[PDB]
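Heavy-atom basis, side chains included; hydrogens, waters and symmetry copies ignored. Within every chain, numbering begins at 1; the chains are lettered A, B, ... in the order of the sequence lines, protein sequences first and strands thereafter.
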Amino acid sequence: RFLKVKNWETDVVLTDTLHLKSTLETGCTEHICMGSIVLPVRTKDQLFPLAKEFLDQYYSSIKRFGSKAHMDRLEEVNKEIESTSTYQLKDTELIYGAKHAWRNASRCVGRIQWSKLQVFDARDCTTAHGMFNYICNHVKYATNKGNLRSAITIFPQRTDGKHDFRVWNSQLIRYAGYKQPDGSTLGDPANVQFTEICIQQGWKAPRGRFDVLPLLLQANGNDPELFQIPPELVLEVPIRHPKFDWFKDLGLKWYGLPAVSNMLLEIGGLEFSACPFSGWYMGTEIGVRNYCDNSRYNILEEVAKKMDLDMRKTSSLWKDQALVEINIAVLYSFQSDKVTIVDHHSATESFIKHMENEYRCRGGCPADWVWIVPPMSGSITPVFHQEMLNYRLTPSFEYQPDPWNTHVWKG
Amino acid sequence: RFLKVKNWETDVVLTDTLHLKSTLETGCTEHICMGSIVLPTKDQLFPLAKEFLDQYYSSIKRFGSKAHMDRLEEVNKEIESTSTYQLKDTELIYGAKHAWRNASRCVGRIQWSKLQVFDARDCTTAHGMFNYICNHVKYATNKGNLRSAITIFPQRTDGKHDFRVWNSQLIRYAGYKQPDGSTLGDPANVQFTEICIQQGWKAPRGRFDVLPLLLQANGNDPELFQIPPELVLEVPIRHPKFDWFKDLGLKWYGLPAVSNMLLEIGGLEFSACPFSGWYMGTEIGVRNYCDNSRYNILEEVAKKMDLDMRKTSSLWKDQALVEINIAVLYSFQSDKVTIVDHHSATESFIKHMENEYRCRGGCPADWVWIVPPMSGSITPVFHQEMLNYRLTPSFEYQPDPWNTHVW
Ligand code: HEM
Ligand code: HEM
Ligand SMILES: Cc1cc(N)nc(C[C@H]2CNC[C@@H]2OCCNCCc2cccc(F)c2)c1
Ligand SMILES: Cc1cc(N)nc(C[C@H]2CNC[C@@H]2OCCNCCc2cccc(F)c2)c1
Ligand SMILES: C[C@H](O)[C@H](O)[C@H]1CNc2nc(N)[nH]c(=O)c2N1
Ligand SMILES: C[C@H](O)[C@H](O)[C@H]1CNc2nc(N)[nH]c(=O)c2N1
Ligand SMILES: [Zn+2]
């Protein structure tokens with residue numbers, strides 16, 4: 001069964017057959033669409049099927065389906081599972097696994113890049129200090145002095161779920177948030193809770209508006225430990241505007257490397273709970289969301305004041321006006337410092353080309369429109385006009401609850 | 001069964017129970033989400049009738065009553081005999097208000113109970129439809145002080161006697177292809193515009209030529225009519241700080257009046273039911289003006305602005321877009337024509353959602369359509385989880401009449 005998606009700006013129609021290979025569920029029913037809902041120990045029993053299916057994918061892609069190396073590997077995994085209950089991925093399968101999880105990430109507009117992922121195998125890691133080292137190396141490699149390179153570092157898979165490796169930070173680099181006694185917030189409001197945990201684990205907080213948080217790392221189910229990323233390793237870009245000279249005086253800066261550290265990577269039924277990955281920013285992530293969300297740094301008002309906009313009625317579009325300036329500033333600052341960044345026009349257009357190619361060669365590209373469309377200027381980017389079909393493929397990245405919610409403290 | 005929706009900017013959580021009353025299907029399955037796809041009998045009629053009337057009588061707090069039961073019999077007897085039935089005026093007003101109330105793509109629903117309903121079910125000809133329409137247009141325009149309205153033509157019978165307004169809006173501009181290969185006017189209406197000429201219309205072959213009405217009564221061939229020019233309120237488009245903006249020559253009409261939808265109440269189908277409210281600025285400034293396949297004017301506005309159009313990364317489109325939209329809101333307000341901005345509209349919709357959650361148990365809402373086509377995340381609807389589902393009464397789309405009409 002074939003499904004069609006139309007682009008209402010070009011009348012280009014596409015046929016999806018790939019959704020057919022989709023087993024996980026969406027949260028939707030024929031009676032309800034949950035398309036805008038943000039979040040809608042295994043058995044030997046369930047594991048070999050998931051293994052088989054993954055290895056069948058892998059082997060097809062290398063054009064070896066049904067080969068002897070294919071049959072043998074299935075038989076090998078099959079035995080390893082019954083004997084040991086889990087199984088180990090070959091390097092080749094891990095790489096392929098990790099690239100595919102990205103390729104399948106329906107909410108990611110950056111996917112045209114999926115096949116270029118640098119995979120770092122950290123499955124021999126045993127301790128938090130071991131993790132700090134792997135993470136430091138990932139940061140330096142990926143940062144590459146501003147010429148950012150995508151990368152993922154993969155720690156040991158879950159075994160009994162009592163020995164999980166976890167990166168407690170949501171991103172490797174993020175700024176502290178400090179709730180004050182007067183209810184206000186200093187720093188990033190999104191990171192207040194995590195910040196507190198760090199302080200409580202004995203982090204001495206400098207308490208500024210842009211303090212880079214320490215890494216809190218859990219190896220093998222043990223209590224997490226704190227570490228400071230070498231500062232010479234954290235590339236930051238001070239934010240200025242190409243015409244507004246007072247802009248720099250806002251004191252804004254941002255880190256250059258976005259690196260998601262709280263997701264679970266599932267491959268062939270295995271669960272890698274620590275698998276930080278990084279790319280480079282699309283400008284609106286910082287300029288729209290990070291700076292302008294009301295519950296983030298919320299600088300729209302102050303930027304608006306400085307521009308002397310009529311802030312007395314929303315119908316002056318002062319908010320919109322300040323938002324464009326701030327986003328101009330972000331892109332300007334990055335390009336000027338030669339740190340990789342991509343604007344939302346260029347990014348969304350790339351995604352369209354990527355998506356069409358994916359339909360052409362793969363029969364589909366699962367995409368979540370609520371997430372692919374940028375948080376400003378939606379309809380003047382080509383994805384807005386693009387119908388999309390959202391469904392779950394594996395390998396995949398998934399959310400997991402915050403570890404402080406689940407962790408058994410050893411004390 | 002009892003679903004929650006969280007607002008991620010305020011943390012407020014709402015519980016949805018109304019979705020259990022949902023009847024129609026979404027196009028989604030457990031395997032695949034179609035949330036961003038634009039379009040995913042005597043036996044049939046009585047269930048529908050019953051379910052509508054049960055909600056009507058319960059809404060008036062007469063559920064069960066003898067008045068309720070008698071009506072159920074009466075409609076039943078009439079279906080059984082006439083193979084269809086007629087709504088009381090009170091049911092027609094309720095039905096219409098509720099189809100708007102249930103429109104999950106409409107951000108403007110906070111207004112839903114104020115709909116002025118005009119019952120045109122006694123209409124029999126296209127000249128009659130024209131008259132009703134002109135009266136609707138004038139009442140709603142109200143010299144710039146728009147009032148929402150819907151005019152309802154006779155309901156479908158055998159379906160060889162449908163009333164239809166072939167226009168998609170009562171008021172839209174024409175579109176002509178040129179040997180040039182460019183498009184003059186509204187590229188969206190190019191086909192319809194042809195279908196008009198092919199029907200005898202003298203197109204002024206301009207950029208903002210108000211289309212003529214093409215009205216079809218009782219299944220007959222559709223007829224042309226020009227809306228009295230004086231009934232079409234239009235706003236010239238100027239900018240509160242760009243003098244040169246006037247020169248772009250932009251104008252838009254004040255009355256958004258959707259005419260091609262089908263209103264279903266109690267299983268009865270009203271295929272001609274034009275309705276109208278008033279514009280949210282972005283509808284014109286973002287979509288009509290700047291959609292690539294619409295009047296697509298960003299390019300020129302950008303040039304007039306002397307912005308660096310060398311690289312996408314200057315955000316010159318984004319700059320021009322804000323300006324274009326400041327100018328629309330500016331123009332309407334200056335001329336005292338109702339218009340709402342996206343900040344105000346979405347904020348009022350969040351209030352409406354909350355009212356609906358506590359008053360009705362929920363509010364079907366299609367996030368893909370409710371989030372404005374500019375500055376998404378700086379509007380509060382961006383951060384609002386919404387549950388989308390189909391309730392009746394409803395407005396549905398219907399095939400273009402010309403693919404359907406037998407001349
Ligand atoms: C190369 C530059 C990249 C860009 C510009 C990019 C862009 C984005 C953006 C804008 C989002 C939306 C999330 C939000 O705004 O909250 C996103 C989500 C996501 N990206 Fe990418 N991405 C890139 C690279 C990567 C890489 C290397 C991976 C993994 C290998 C990845 C995996 C994902 C995943 C799993 C999501 C969904 C995350 C969530 O659900 O919050 N991305 N990406
Ligand atoms: C009074 C002020 C109103 C505002 C600001 C408003 C706003 C909007 C907007 C922005 C949309 C999305 C439009 C698009 O971009 O295509 C929409 C869709 C819709 N509106 Fe409202 N509206 C208003 C009044 C009404 C009234 C009076 C009705 C019916 C009585 C109505 C019924 C609908 C329906 C059924 C849709 C979905 C149409 C579709 O699926 O294409 N609206 N509205
Ligand atoms: C690797 C990479 C590169 C890039 N440019 N961009 C990204 C997305 C992250 C950065 N900027 C925001 C995204 O971070 C992930 C944000 N959190 C997940 C969404 C979520 C789920 C459930 C509950 C919530 F509250 C939130 C990744
Ligand atoms: C009554 C009212 C007031 C208002 N402010 N705004 C509105 C929305 C209309 C005007 N601005 C666009 C909407 O008109 C509906 C346009 N088409 C429906 C979507 C669709 C489906 C299938 C195929 C297509 F090509 C298009 C109505
Ligand atoms: C409720 C709503 O789905 C939620 O706010 C989503 C909308 N789209 C998004 N899109 C991206 N890229 N990032 C986000 O955090 C969100 N938030
Ligand atoms: C493909 C996508 O569904 C389509 O472009 C939708 C998205 N959201 C929309 N939202 C509104 N209000 N109006 C539209 O015409 C559309 N188009
Ligand atoms: Zn859905």
Review point. Around atom OH of B:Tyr397, are there more than 12 heavy atoms of other residues, nucleotides or ligands at under 6.0 Å?
Key: yes
Practice item. Taking the side chain as every heavy atom from C-beta outward, state whether B:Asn388 and A:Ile32 have any atom pair closer than 4.5 Å. Key: no
Subject >> Close side-chain approach of B:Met34 to A:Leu3, heavy-atom, < 4.5 Å >> reply: yes
A:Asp293 meets the salt bridge (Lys or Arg N to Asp or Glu O under 4.0 Å) criterion, sequence neighbours left out, with A:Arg289
Distance col, row B:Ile378:CD1 vs A:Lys319:NZ, nearest 0.5 angstrom, shows 7.0 Å
Test item: B:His31 side-chain N/O and A:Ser22 main-chain N/O as donor-acceptor pair under 3.5 Å
yes
The interface call for B:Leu298 against chain A, heavy-atom contacts under 4.5 Å, is side chain
Interatomic distance, CG@B:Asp11 vs OG@A:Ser295, rounded to 0.5 Å, equals 8.0 Å
Fill in: Minimum side-chain heavy-atom gap B:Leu315-A:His345 below 4.5 Å
yes
Interface check, chain B: of A:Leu323, A:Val370, A:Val5, most non-hydrogen pairs under 4.5 Å belong to A:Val370
Heaviest contributor of heavy-atom pairs below 4.5 Å to chain B, chosen from A:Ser346, A:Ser377, A:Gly378, A:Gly35, is A:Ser377
Closest non-hydrogen contact found for A:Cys33 with B:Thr26 is N-CG2, 4.1 Å
With chain B, the option among A:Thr314, A:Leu331, A:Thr381 that has the most non-hydrogen atom pairs under 4.5 Å is A:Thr314
When rounded to the nearest 0.5 Å, the distance separating NE2 of B:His383 from OG of A:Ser36 is 13.0 Å
Answer key: most heavy-atom pairs under 4.5 Å with chain B among A:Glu30, A:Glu25, A:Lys6 is A:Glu30
Honestly, the part of A:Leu389 sitting under 4.5 Å from a heavy atom of chain B is both
Note: B:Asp341 and A:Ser315 closest approach over all heavy atoms is OD2-CB, 3.5 Å
Under 4.5 Å to a heavy atom of chain B? For A:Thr23 that would be backbone
Could you walk me through whether A:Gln321 and B:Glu323 pass the side-chain contact (heavy atoms from CB on, under 4.5 Å) check?
CA-CA 8 Å; A:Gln321 235 168 358; B:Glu323 297 296 346; 2.5 Å; yes
Assert top hit (heavy-atom pairs under 4.5 Å, partner chain B, pool A:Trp369, A:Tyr391, A:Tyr332) equals A:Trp369
Checked B:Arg390, B:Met374, B:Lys311 vs chain A; the most non-hydrogen pairs under 4.5 Å come from B:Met374
d(B:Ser314 OG, A:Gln335 CD) to nearest 0.5 Å is 9.5 Å
Applying a strict 4.5 Å limit to non-hydrogen atoms, the region of A:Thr29 in contact with chain B is backbone
Highest number of heavy-atom pairs under 4.5 Å with chain A among B:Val340, B:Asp366, B:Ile37, B:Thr282 belongs to B:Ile37
* Asked: Looking only at atom types and distance, does a side-chain atom of A:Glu387 sit under 3.5 Å from a main-chain N or O of B:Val38, one as donor and one as acceptor?
  -> yes
Discussion item. Any non-hydrogen side-chain atom of A:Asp320 less than 4.5 Å from a side-chain atom of B:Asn325?
Written reply: no
Ranked by heavy-atom pairs below 4.5 Å to chain B, first place among A:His344, A:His19, A:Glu349 goes to A:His344
So, the part of A:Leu24 with a heavy atom under 4.5 Å from chain B: the answer is backbone
